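S.K.: Quick mapping for you: the protein sequence lines, in order, are chains W, V, y and B. Sequential numbering from 1 applies to the first sequence in the authors' numbering. Sequential numbering from 2 applies to the second sequence in the authors' numbering. Sequential numbering from 1 applies to the third sequence in the authors' numbering. Sequential numbering from 2 applies to the fourth sequence in the authors' numbering. All C-beta atoms in this analysis are idealised placements derived from N, C-alpha and C, irrespective of residue type, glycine included.
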Amino acid sequence: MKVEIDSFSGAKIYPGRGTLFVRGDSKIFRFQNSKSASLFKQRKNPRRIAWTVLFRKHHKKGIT
Amino acid sequence: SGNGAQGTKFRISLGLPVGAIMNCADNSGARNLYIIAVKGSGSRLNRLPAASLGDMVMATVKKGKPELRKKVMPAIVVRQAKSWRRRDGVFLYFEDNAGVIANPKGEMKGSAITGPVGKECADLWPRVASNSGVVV
Amino acid sequence: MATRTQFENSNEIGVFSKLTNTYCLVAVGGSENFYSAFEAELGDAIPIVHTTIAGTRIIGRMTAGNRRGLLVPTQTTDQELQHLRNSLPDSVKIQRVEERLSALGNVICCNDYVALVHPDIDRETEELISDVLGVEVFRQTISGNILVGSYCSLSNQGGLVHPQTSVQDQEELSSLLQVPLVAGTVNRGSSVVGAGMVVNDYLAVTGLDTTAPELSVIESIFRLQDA
Amino acid sequence: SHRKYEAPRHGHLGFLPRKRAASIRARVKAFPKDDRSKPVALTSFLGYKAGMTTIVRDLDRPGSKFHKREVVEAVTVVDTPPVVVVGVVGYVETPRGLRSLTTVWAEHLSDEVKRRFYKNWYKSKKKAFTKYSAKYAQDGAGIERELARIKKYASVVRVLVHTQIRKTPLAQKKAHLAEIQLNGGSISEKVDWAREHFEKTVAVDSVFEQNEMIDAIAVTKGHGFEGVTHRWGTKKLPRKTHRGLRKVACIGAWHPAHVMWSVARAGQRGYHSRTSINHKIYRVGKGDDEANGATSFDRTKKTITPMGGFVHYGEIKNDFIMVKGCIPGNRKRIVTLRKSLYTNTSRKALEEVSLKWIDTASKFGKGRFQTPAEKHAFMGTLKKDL
RNA sequence: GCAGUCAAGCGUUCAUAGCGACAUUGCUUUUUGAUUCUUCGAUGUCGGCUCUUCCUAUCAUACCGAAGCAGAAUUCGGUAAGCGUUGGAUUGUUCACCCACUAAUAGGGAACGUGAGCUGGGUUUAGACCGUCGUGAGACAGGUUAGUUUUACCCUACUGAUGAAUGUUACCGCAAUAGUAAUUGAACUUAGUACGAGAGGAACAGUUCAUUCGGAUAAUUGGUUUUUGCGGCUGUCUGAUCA
């Protein structure tokens, strides 16, 4: 039982939760849920969505 | 199944009814395939036979070298884009439908396959695994 | 010293097994009349490890290695990985690799002193492949095909290629490998050479339907019949 | 003429009629065959259905491709406050079928069980069993009179039991009553075993064990009066139809000129008595414990109640049978778990299961976190908190 | 259109493995007819769609008997209607014939089942065009195009839902009668074994998956969104910020 990270929203992914996505160059994308899987299909940038991990990582939130 | 199928396959979600048109991912020279039937399918009034990843079908070449056209030949589904469920728990799907072109015994008319290949395909058809790059 | 073996009904032995000077690896399905075919010629000398790679029965397809080490794809579970580290010797070093191209069997062909890799594999891993497999790396294509590991079957003595290969292509690429190369077919005329047989110095196994002229060719170039 | 293309029926003729089930508690129509060499024990057990959740486990099933790898699976949690025995009843075989000759009740009955005898509890003087509890006012020669009529007679002995509804998040307060036959030997030893347990309590692990294959008996979720298409699964008619496209078009031939019981019609759907069989038990849970929902590899102490509790149910503070698959009836219904009626091999049965993980994340949303110790771990402190 | 009886004869010889000519004896109401018994103070006419059920004259599956059956394969018969029998291109088409799958893609009945169930492509009004025919109005072994598809609330039947009288009232049951379901295929093994000069090449048992059907159920994935739940955006109005 391995726990992976959602590559868009950063959440941990427990078994049987979410979907996986294999793009044309075969790079694999995992998603915690339909929300982050829908924002990925809209071409939204992860680093400008305020609640994602990579967002807070650039804005330097909570690492203090 | 029948000729060429090694072992059994675990049912996955059917993504390609009769009439579907998928990319043909091999280098054999066909640009796309047109599924006219699915090998081994069941018979119920009004259903359309429906393919899935790793299946063997009957296809024709709409776009591609005219040598290959106007003739029905068997084909194999290497990609789906209708998300199915593995038993390790994941749902996954590819970016689009795709397939390769084969003989009733399962050998490959082409020498390569581009982009990913589902590992429900790669295990069930030993020649497809030998031609594959990325396997999922 | 060739051997005819049929996994289930399959004639492709390079799919299901990965055979090196140090160790052997075989598929976990079907009858051990397949598995006994390795031991009877091998004996008690080398290990033989039943395994699944990424859950798939295709181990030599997803793995590339020589006696000095093994490379395993990322989709390999860790519940499987440790099993491969204990059953092999501690001399063999497995180092897992994350790459765009998942099946490492087709992408790489290597014998102890030489490797040939698919040209599109990243410059990071050709560094690593030098370390784990302990070889020199050369990016080539055998007769304009793509996957080298499936279509060119090597061993320290000599190596084989698919029949479609040009003669200027064979003589070109033999100087790279240092070993005599021979075109041919296997499994009653299958174009795919590296998926139809596995071979090392003292053993070669191939599908039951290979023809007697073909078998001698395999026997001759791999120096099977001694000597 | 003839059908012109010959296709299977719509709907199973064995489950008719589809009328409403006649109680919220589903009957048990038959019990396992009696083995007189075993100790005396009950053939079924009552419980309440909490919810479902997710299970990882290693599949060891020789020859399969998924052999020795984790697989996610759905389980249903049925909740168990221990059952308690208020009486016993004998039955004598007659040429018209089994018949109960006598009934014998416990001395002291709880509020809950006496409440079952009352539509109006608040207006009641609560006088049930008052004259009966005075048949112990003697040495008991009137009740031991009757237990002697059971032993002599009574091919089979069933034991009236009742649920404890006050350990359950349900609001009911009125406990469910039921009979359970006992398969231990010697009908003389059956009424002994009963008489010794009156007003005592019985627990899960003394009936069902690990890995067993049991029946689940509930009344179906009611969906109400329903039309032919979604009830019987018919084709929807073409767009162009007049007077509705969701129907069955031909209701019969000219002759016989009547509609036949086998054509599809609209009516009650859901809320029926349904027995499903061969459900492997992944856990038999402890009432007072921590790490009900941990396991040998897991090691973090947490119960099986999800974050925020099971939706529409409660917290699972009692014993529970945790059974693979899905089960008739919906949440908060009374389930009756029966022992199997036949021996099994099947190699899927007889497989021993070890649960590698259990899903305690919330069912009221998309749960990102298993334990609140996990949530505060990742999410950090908030504006309330510290 | 279907089933027997005699076997003149085809078949290496061999009437009955497999047939039958000459003819004779029957069955069939899914052929076409003949008659004109009921209906013209109207039984709504083709086909498809939808859906149920029965027959057996068995296409597949089950178990059997036979061969001029080594195996493999196929063929003929036996009990047998339990369960199945399909997706399409062309055509209004029933029929048919082609493509591909299938274990198989059998034949029929029920007012040529079924329009207060649909549809309205066909025939078959009134409009119009052509070809032949007629002096003409007009006619058609014809071709073509456009053309209103009504009603249930009644009685039964069916499907679901209550219910008086069984001294009152509650709980736990029994089980008469009725209905009843699963299905079929392939892969690994057995085993490259048996049979066989060879070419080729099985099966009982066991095992992993699958097709059609059925019953549930909603942890996960998906769909749905009047939680108008939260955010975004447009035009305009409340004097603007805000709401």
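(1) For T77 of chain y, which residues in chain B fall below 8 Å Cβ to Cβ?
(2) So what does DSSP say about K325 of chain B, is it helix, strand or coil?
(3) Going by C-alpha to C-alpha distance, which of B:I25, B:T230, B:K302, B:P63 sits closest to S347 of chain B?
(4) Taking 6 Å as the limit between beta carbons, can you name the residues of its chain near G294 of chain B, skipping five residues before and five after?
(5) Please determine, among B:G48, B:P40, B:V158, the residue with the shortest C-alpha to C-alpha distance to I166 of chain B.
(6) Among the candidates B:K127, B:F118, B:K120, B:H109, whose CA atom is the shortest distance from the CA of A135 of chain B?
(7) Let me make sure I understand the geometry here. Which of W:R23, W:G16, W:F29, W:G24 has the alpha-carbon closest to that of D6 of chain W?
(8) For the segment 85-100 of chain y, list every residue whose C-beta sits within 7 Å of some C-beta in chain W, in sequence order.
(9) Hey, is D124 of chain V's beta-carbon within less than 9 Å of any beta-carbon in chain W?
(10) What residues from the segment 79-96 of chain V come within 7 Å of chain B, judged by C-beta to C-beta, listed N to C?
(11) Give the straight-line distance between the Cα atoms of residue 388 of chain B and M214 of chain B, rounded to the nearest whole angstrom.
(12) With 9 Å set as the bound, which would you pick, yes or no: does the beta-carbon of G14 of chain y sit closer than that to a beta-carbon of chain V?
(13) Report yes or no: is there a C-beta of chain W within less than 9 Å of the C-beta of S102 of chain y?
(14) Using the three-state DSSP reduction, which class does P40 of chain B fall into: helix, strand or coil?
(15) Which chain y residues are close to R128 of chain V, counting only those with a beta carbon under 8 Å from its beta carbon?
(16) Going by the beta-carbon positions, is the gap between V199 of chain y and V192 of chain y smaller than 9 Å?
(17) I need the boundaries of the beta strand (DSSP E) containing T206 of chain y, first residue and last residue.
(18) From the DSSP secondary-structure annotation, give me the bridge partner or partners of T131 of chain B.
(19) Could you tell me which residues DSSP pairs with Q269 of chain B in its beta bridges?
(20) Helix, strand or coil for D35 of chain B per DSSP?
(21) In terms of alpha-carbon separation, which member of V:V78, V:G119, V:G16, V:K10 lies closest to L20 of chain W?
(22) Can you give me the C-alpha to C-alpha distance between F38 of chain y and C109 of chain y, rounded to a whole angstrom?
(23) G55 of chain y versus chain B: which residues are under 8 Å apart at the beta carbon?
(24) If you check the beta carbons only, do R100 of chain y and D122 of chain y fall under 9 Å apart?
(25) Please name the residue, chosen from B:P9, B:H177, B:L43, B:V89, that lies closest to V336 of chain B on a Cα-to-Cα basis.
(26) Return no unless some Cβ of chain W is closer than 9 Å to the Cβ of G16 of chain V.
(27) Starting from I144 of chain B, follow the alpha helix (DSSP H) in both directions and report where the run begins and ends.
(28) If you draw a straight line from the alpha carbon of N121 of chain B to that of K127 of chain B, how long is it in whole angstroms?
(29) Name the two residues that bound the continuous alpha helix (DSSP H) containing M53 of chain B.
(30) Using a Cβ-Cβ cut-off of 8 Å (strictly less than) and excluding sequence neighbours within five positions of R48 of chain W, which residues of its own chain qualify?
(31) Step through the CB atoms of chain y and report whether any lies within less than 9 Å of the CB of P67 of chain V.
(32) Anything in the segment 351-364 of chain B with a Cβ closer than 8 Å to a Cβ of chain W? List those residues in chain order, please.
(33) Taking 9 Å as the threshold (beta carbon to beta carbon), is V28 of chain y in contact with chain B?
(34) Going by other Cβ atoms of all chains shown within 10 Å of its Cβ, with 16 needed for buried, is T9 of chain V buried or exposed?
(35) Say whether chain W places a C-beta atom closer than 9 Å to the C-beta of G116 of chain V.
(36) What residues in the segment 24-56 of chain W bring their beta carbon closer than 8 Å to a beta carbon of chain y?
M.R.: The answer reads as follows:
(1) The sequence position of residue 77 of chain y within the third sequence is 77, counting from 1. Chain B residues near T77 of chain y: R70.
(2) Your numbering for residue 325 of chain B matches position 324 in the fourth sequence. In the structure shown, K325 of chain B adopts extended strand secondary structure according to DSSP, grouped into three states.
(3) As a first step, residue 347 of chain B must be located in the fourth sequence, where it is residue number 346. Closest option to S347 of chain B, Cα to Cα, is B:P63.
(4) Residue 294 of chain B sits at position 293 when you count from the first residue of the fourth sequence. If we look at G294 of chain B and ignore the five residues flanking it on each side, its Cβ neighbours are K303, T304, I305, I359, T361.
(5) Here residue 166 of chain B corresponds to residue number 165 of the fourth sequence, with the count starting at 1. Looking at the Cα atoms, B:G48 is the closest of the given residues.
(6) Within the fourth sequence, the letter at position 134 stands for residue 135 of chain B. The shortest Cα separation from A135 of chain B among B:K127, B:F118, B:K120, B:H109 belongs to B:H109.
(7) Your numbering for residue 6 of chain W matches position 6 in the first sequence. Here the closest residue by C-alpha is W:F29.
(8) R100
(9) Taking the second sequence and counting its residues from 1, the one referred to as residue 124 of chain V is at position 123. No, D124 of chain V lies away from the interface with chain W (no Cβ there is under 9 Å from its Cβ).
(10) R88, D89, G90
(11) The structure shown does not extend to residue 388 of chain B, since chain B is modelled only from 2 to 387, so the question has no answer here.
(12) As a working note, residue 14 of chain y is residue 14 in the third sequence. By this cut-off, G14 of chain y is an interface position.
(13) For the purposes of this step, residue 102 of chain y is taken as the residue at position 102 of the third sequence. With 9 Å as the cut-off, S102 of chain y counts as an interface residue toward chain W.
(14) One-based indexing of the fourth sequence puts residue 40 of chain B at position 39. Three-state DSSP puts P40 of chain B in coil, outside helix and strand.
(15) If you number the second sequence from 1, residue 128 of chain V lands on position 127. In chain order: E12, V192, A195.
(16) For the purposes of this step, residue 199 of chain y is identified with residue 199 of the third sequence, where counting begins at 1. For the purposes of this step, residue 192 of chain y is identified with residue 192 of the third sequence, where counting begins at 1. Not closer than 9 Å, so no.
(17) Locating residue 206 of chain y in the third sequence gives position 206, counting from the first residue. Taken as a continuous stretch (DSSP letters only), the beta strand (DSSP E) holding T206 of chain y covers 204-206.
(18) By 1-based counting over the fourth sequence, the position of residue 131 of chain B is 130. Residue pairing by DSSP places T131 of chain B in no beta bridge whatsoever.
(19) Counted from its first residue, the fourth sequence places residue 269 of chain B at position 268. The partner list for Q269 of chain B (beta bridge, DSSP) reads B:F226.
(20) Counting from one through the fourth sequence, the residue named residue 35 of chain B turns up at place 34. Reduced to three states, the DSSP call for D35 of chain B is coil.
(21) If you number the first sequence from 1, residue 20 of chain W lands on position 20. Measuring from the Cα of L20 of chain W, the nearest candidate turns out to be V:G119.
(22) Counted from its first residue, the third sequence places residue 38 of chain y at position 38. Counted from its first residue, the third sequence places residue 109 of chain y at position 109. About 21 Å.
(23) By 1-based counting over the third sequence, the position of residue 55 of chain y is 55. Result: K66, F67, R70.
(24) For this step, residue 100 of chain y is matched to residue 100 along the third sequence. For this step, residue 122 of chain y is matched to residue 122 along the third sequence. Yes. Within cutoff.
(25) For the purposes of this step, residue 336 of chain B is taken as the residue at position 335 of the fourth sequence. For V336 of chain B, the nearest C-alpha among the options comes from B:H177.
(26) For the purposes of this step, residue 16 of chain V is taken as residue 15 along the second sequence, with counting starting at 1. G16 of chain V does not count as touching chain W.
(27) One-based indexing of the fourth sequence puts residue 144 of chain B at position 143. Where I144 of chain B is concerned, the enclosing alpha helix (DSSP H) stretches over 144-153.
(28) On the fourth sequence, position 120 is the one that residue 121 of chain B refers to. On the fourth sequence, position 126 is the one that residue 127 of chain B refers to. Taking the Cα positions, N121 of chain B is about 10 Å away from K127 of chain B.
(29) Locating residue 53 of chain B in the fourth sequence gives position 52, where the first residue counts as 1. Not the alpha helix (DSSP H): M53 of chain B falls in the beta strand (DSSP E), residues 45-60.
(30) Within the first sequence, numbered from 1, the residue matching residue 48 of chain W stands at position 48. Counting only Cβ-Cβ distances below 8 Å, and skipping sequence neighbours, we find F55.
(31) The count along the second sequence starts at 1 and reaches residue 67 of chain V at position 66. Judged by the 9 Å Cβ criterion, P67 of chain V is not in contact with chain y.
(32) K357, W358, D360, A362
(33) Position 28 of the third sequence, counted from the first residue, corresponds to residue 28 of chain y. Closer than 9 Å: yes.
(34) Stepping through the second sequence from its first residue, residue 9 of chain V is reached at position 8. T9 of chain V is classed as exposed because its beta carbon has fewer than 16 other beta carbons within 10 Å across all chains shown.
(35) In the second sequence, residue 116 of chain V corresponds to position 115, counting from 1. Any Cβ of chain W closer than 9 Å to the Cβ of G116 of chain V would place that residue at the interface, and such an atom is present.
(36) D25, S26, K27
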